[PDB]
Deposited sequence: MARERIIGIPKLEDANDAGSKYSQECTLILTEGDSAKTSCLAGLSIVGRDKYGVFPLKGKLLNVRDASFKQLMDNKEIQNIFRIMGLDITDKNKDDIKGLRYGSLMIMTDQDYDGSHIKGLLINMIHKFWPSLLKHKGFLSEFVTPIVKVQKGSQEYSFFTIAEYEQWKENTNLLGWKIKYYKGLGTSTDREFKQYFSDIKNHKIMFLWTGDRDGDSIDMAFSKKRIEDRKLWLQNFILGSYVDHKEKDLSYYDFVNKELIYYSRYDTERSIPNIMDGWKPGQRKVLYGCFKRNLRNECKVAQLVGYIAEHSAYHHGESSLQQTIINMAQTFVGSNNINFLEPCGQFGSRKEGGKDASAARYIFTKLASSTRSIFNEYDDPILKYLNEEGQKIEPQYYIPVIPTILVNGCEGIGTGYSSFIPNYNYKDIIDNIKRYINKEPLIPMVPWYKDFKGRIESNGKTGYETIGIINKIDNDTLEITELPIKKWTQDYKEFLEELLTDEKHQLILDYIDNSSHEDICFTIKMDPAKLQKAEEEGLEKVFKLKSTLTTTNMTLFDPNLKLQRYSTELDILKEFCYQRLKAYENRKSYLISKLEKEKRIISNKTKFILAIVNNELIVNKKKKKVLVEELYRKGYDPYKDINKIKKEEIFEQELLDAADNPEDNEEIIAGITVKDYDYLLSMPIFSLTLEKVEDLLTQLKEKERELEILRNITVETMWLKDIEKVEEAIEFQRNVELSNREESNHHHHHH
């Protein structure tokens, strides 16, 4: 019968290309690993009707692709041969005589997998749009998103929303919980179970009109970019596909699933207004806070720790670089570095490219970082949950808007952003003006250790100018470059001036620039030098750069991309949010202090009672003592301990009365015998007075006073960090 010659990776169904072709299904998998799991499944269902072909990487986007790219693309050519399909016959509306009568796409339940499903739908729509309208033609393999276990009574949830509804309404015992985003997570045995019940692991794509086609073209066409921008902007942040449904329209897949891939690159490339962090940097800072990185560690070790605790998925090279960039201090990088560069982290010579290997450089939190990112704020942030692990928050809320301090430069596709560096002092006096209802003052971009000029160009932004001086009639000297022109690039530019392709503008140059200062000495024809002076030396030698302020694009506090017209608009939004964050911090601290006070009060009573011989513990049966603590009015811990739940963060519990266990009083019984000694008793007594004074003071403090006080600490910390940098610089 019919057979395929040139495709070793194909696991052709026995009946493909036969008179049973309509009954056959071809499974397209994301990778060879998925194909191997699929063959484990097919050892159940059999190999007569199911074929398997592994997709490598990501399918070509046929919609934008040139004809030559299409012919040259072996993976797509192979898929065409395997199906029995080809381009010349479009308009085909029937499933005969194809080698297979159905196509099933099997991928990870993640953004890349969704992008792959979309690319396959894109190809089918582009070449045989008729085929999508044909019912039962395209399906997708689906496994449960979450599996839970308690002894017996095992549940499997297809939808996260379903799992959340179960989780909210259940005490997680001891329930064991596993997420199944990737196909690799499933064992071969589990694949056998899915294929044993394949109907319940299959979702059929449904065509619901021309909007489906318009959706696919909007997603993948080179000409629909603005429609795509509108589509991304109008996205509803709760949107998700309901896997409980046996059917899924193409329009719903594109709008409620593919969109997550489509918007992911913008999410990676553009920082949030609130902390100025892109998500990867935020993962790094979160990792540093979690371990409390106050002492040096190797960057490579930090890379391993962040990869484990922050769920960073873009590889060690990007992670290394992200940490390094967060530690750089050279001209044109960070105004305030939040990681310390303990070693060679690169320089202005190559714009940080000249950083040393991660294995030998150390880093730690910079001395100012915990004042700026005040730890009292940590508990009021919203932390993301990935497959049950508690990872980095949606954003940090620093005391000052760090986004203005260090700026940003981002390019994804379809969105970019640039924000200049600014003086933290100008930022702080704008904050004080915001607190006092005083008019805000526009800020001029400012760069630490830059010696040149920054001035408005009057239209789109600002210009930075380096320093060049006439030494004598033959000689020029350059002692400063414009912002972000690295020394090595400039040196190459002077060398190209030496060659005739640039008309021998200069006779000679000596470069004695250091790692951080600029020293070029240039020799010229005296007449050429004079003419260059008339043209303007800065222009001739290209010593100006432009800081454009017309595209200050950030994610807003509600996770929505915005363009801010000026630095003041950014500052105002930040101030409104930050002032609210101070109200949340105050309420949280009050609730925490009340809980601490109650715990102290119980310990004080317990210790005094033993020490005054009112309470006898020696040789007392434990249940008798717990009963006595309960009867005498001691709070079991659960009454004081009134909190989002992250799955991976999870003398008997036999109820004495009424609901009390021994563990309920561990916070008292656990206290060391040393607590009964005199100094310890005295300190314990001291503790409650101090706790109530601290609570009373907190109750009456305003948010403006809390902020103003933190700003005071931030100014001191920044100045100390800077003074240390200067002291280190001096001989």
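- Gaps in the coordinates relative to the deposited sequence fall at 1-2, 645-647, 656-662, 744-751.
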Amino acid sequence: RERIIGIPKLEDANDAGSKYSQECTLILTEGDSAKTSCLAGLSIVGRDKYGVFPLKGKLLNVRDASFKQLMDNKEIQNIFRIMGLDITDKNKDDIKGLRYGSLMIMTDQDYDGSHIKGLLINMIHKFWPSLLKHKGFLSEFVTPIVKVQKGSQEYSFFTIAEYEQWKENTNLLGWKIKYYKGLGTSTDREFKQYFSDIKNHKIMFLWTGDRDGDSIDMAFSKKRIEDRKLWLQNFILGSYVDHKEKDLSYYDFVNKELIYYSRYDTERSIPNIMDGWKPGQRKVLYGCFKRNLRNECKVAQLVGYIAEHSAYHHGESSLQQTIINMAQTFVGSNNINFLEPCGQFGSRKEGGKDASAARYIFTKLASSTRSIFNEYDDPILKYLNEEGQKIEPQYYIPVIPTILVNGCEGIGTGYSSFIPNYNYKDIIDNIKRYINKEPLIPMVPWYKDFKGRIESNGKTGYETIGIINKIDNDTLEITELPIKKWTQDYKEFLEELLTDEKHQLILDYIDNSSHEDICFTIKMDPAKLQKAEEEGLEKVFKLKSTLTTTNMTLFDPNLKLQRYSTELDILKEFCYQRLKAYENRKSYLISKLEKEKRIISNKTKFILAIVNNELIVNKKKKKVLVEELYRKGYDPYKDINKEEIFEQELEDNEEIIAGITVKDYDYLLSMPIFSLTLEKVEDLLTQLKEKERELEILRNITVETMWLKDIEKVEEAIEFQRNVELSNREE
From here on, numbers count along this sequence of modelled residues.
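- The stretch 13-21 shows the higher mean C-alpha B-factor when 13-21 is compared against 708-716 in the entry.
- In this crystal structure, the stretch out of 268-276 and 375-383 whose C-alpha atoms carry the higher mean B factor is 375-383.
- Across the options 403, 355, 481, 241, the residue with the most elevated CA B-factor in the record is 241.
- For the set 555, 157, 582, 395, the PDB entry puts the maximum C-alpha B factor at 157.
- For residue 43, the recorded CA B-factor ranks within the highest third of the chain. Only modelled residues enter the ranking.
- Ranked against the other modelled residues of its chain, the C-alpha B-factor of residue 182 as given in the entry falls in the lowest third.
- Among all modelled residues in its chain, residue 726 ranks in the middle third by Cα B-factor.
- In the PDB entry, residue 237 places in the highest third of its chain by CA B-factor.
- Sort the modelled residues of the chain by CA B factor and residue 666 lands in the middle third.
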